[PDB]
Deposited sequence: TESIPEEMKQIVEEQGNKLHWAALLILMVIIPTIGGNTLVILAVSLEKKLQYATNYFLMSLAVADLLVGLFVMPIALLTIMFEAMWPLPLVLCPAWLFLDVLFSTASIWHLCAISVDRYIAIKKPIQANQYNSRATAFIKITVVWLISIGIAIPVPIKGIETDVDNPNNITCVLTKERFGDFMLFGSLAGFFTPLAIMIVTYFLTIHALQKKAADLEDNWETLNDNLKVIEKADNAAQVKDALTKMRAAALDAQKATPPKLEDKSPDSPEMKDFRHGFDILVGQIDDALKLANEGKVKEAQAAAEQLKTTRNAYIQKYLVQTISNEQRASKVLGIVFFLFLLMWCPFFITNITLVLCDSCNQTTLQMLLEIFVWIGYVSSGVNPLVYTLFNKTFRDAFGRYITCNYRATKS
C-alpha cells in the first residue's frame, strides 16, 4: 500500500533536533560536570582523602559514560536502520554501556552503606587501602554483570554480514535482561531502602543516648552539690567522667574538646575528694558548669543537626537518582515478562527512557558535590578558569 510505504518513509525521518537536544542537555553537562569533580579532587589538596577517592571513582565512571557510550548511542538515533560502525564495536559499546551504567548504581549503594556505618561506628575509622578495596570490588561487580553481553555476542548472518543491527533481543538476551536488571538495579535499590530505615533508627538511637548522658551528667552535679559525705563526690564524679567519655565517643576526632577539659577538671576534683577536702572539691564541681555550658550544650545540638541534615540531603539526592532509572528497568523487566504486550512500542519506550537514566547518572556526582562549600568554590574558580 503506497499510502503506507510513504508513511514509513516518514517514519524514517530526520531526527537531528533530538540529537542536538541530547548533546546540549546531557552529554555536555555530563562530561563537564564530571571533569569538574575530577579536577576538584585532583587539584584541591585539602579535598584529598578516603571518601573523595571513591567519589572520584564514581565521577570517572560517569565521565566514561558521557565520553564513549552516549555519542555512539546518538548515531543509533540518527542511523535508525542499521549499525553503521564495524562489527566488533557493537559488543564493545554494549559491554561498556552496561558496565558503566551498573558501576554508577553500585557506587551509590556502597556510598550509602558507608555513610550509614559512619553514623553507627564513628570511632572505627577508613584508610586509603579500604577505599581501594571498595573501588576494586564495585568495579568487579559491574564487570561481572556486564560480561554476558560480549561473551554471547550479537547474531550474525552468513548471507548479510553487514546488517548487524545492535539490540538486546528478547529471544537471545531475555534471561540477561531479567537477572541482569535484578542484580544490577533492584538489589542495590533494596539495599539502599534497608540502609535508609536503618539510618533513621541509628540517628534516633544516637540522639537519645546523648540526652541520657546530658541529664546523667547534670543530675550527678546536683548530687555533688547536696553531698554532705566525702565518698559520694568520688562516685558522682566517677559517673560524670564516664558519662562525659561516653558522650565524647559519639563523634570522630570544636566543642568536642570541651569534654577533654571537663574530664580533666573532674579528675582534679576527685583528687581533692581522694584527699578528703569535700568542701573544696564541691566548690570546683560547682564550676564544672562553666565548661558544661560553653561547650557540651552547643556540642549536643551540633552533632544531631549535622548528621540529620547530611543524611537527609544524601537520601533525597540518591532517591532522585534511583527514581529516574525506574522506567528503563520496569520496561526492560516487563518486556521479558509479557507475551501479551506489543514488543515494538515497548522497544521505543526503552529507546526513550535510556536517556532519562543517562542524564540521571551523568549529573549525579556534580549534584551531590554541590552541597559542599569547598567543592562549590573550587568549581567557581574552575568555571572562571582561575585554577591555582
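The deposited sequence has C-alpha coordinates everywhere except the stretches 1 to 3, 129 to 131, 260 to 272, 408 to 411.
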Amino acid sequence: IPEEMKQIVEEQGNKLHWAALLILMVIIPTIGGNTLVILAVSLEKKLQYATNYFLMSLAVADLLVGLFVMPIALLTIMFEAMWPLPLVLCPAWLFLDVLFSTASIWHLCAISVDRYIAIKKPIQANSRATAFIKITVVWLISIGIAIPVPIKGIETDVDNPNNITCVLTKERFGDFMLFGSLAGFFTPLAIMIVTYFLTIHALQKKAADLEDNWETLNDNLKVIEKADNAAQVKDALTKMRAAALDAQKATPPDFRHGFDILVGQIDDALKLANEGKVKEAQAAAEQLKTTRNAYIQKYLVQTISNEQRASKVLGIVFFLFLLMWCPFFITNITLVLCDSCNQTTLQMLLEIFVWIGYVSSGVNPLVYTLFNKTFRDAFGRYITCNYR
From here on, numbers count along this sequence of modelled residues.
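The deposited model assigns a higher average Cα B-factor to 268 to 276 than to the other stretch when 268 to 276 and 289 to 297 are compared. With 336 to 344 and 356 to 364 compared on mean CA B-factor from the PDB entry, the stretch scoring higher is 336 to 344. Remark: of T187, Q308, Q232, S101, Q232 shows the highest value [criterion: C-alpha B-factor in the PDB entry]. When the Cα B-factors of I193, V223, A183, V167 are read from the PDB record, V223 comes out highest. Ranked by C-alpha B-factor against the other modelled residues of its chain, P252 falls in the highest third.
Ranked within its chain, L349 lands in the middle third, by CA B factor from the PDB record. In the deposited entry, the Cα temperature factor of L22 sits in the bottom third of values across the chain's modelled residues.
Per the PDB record, residue ranking by Cα B-factor puts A50 in the highest third of the chain. In the PDB entry, a CA B factor belonging to the middle third of its chain's modelled residues is recorded for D175.
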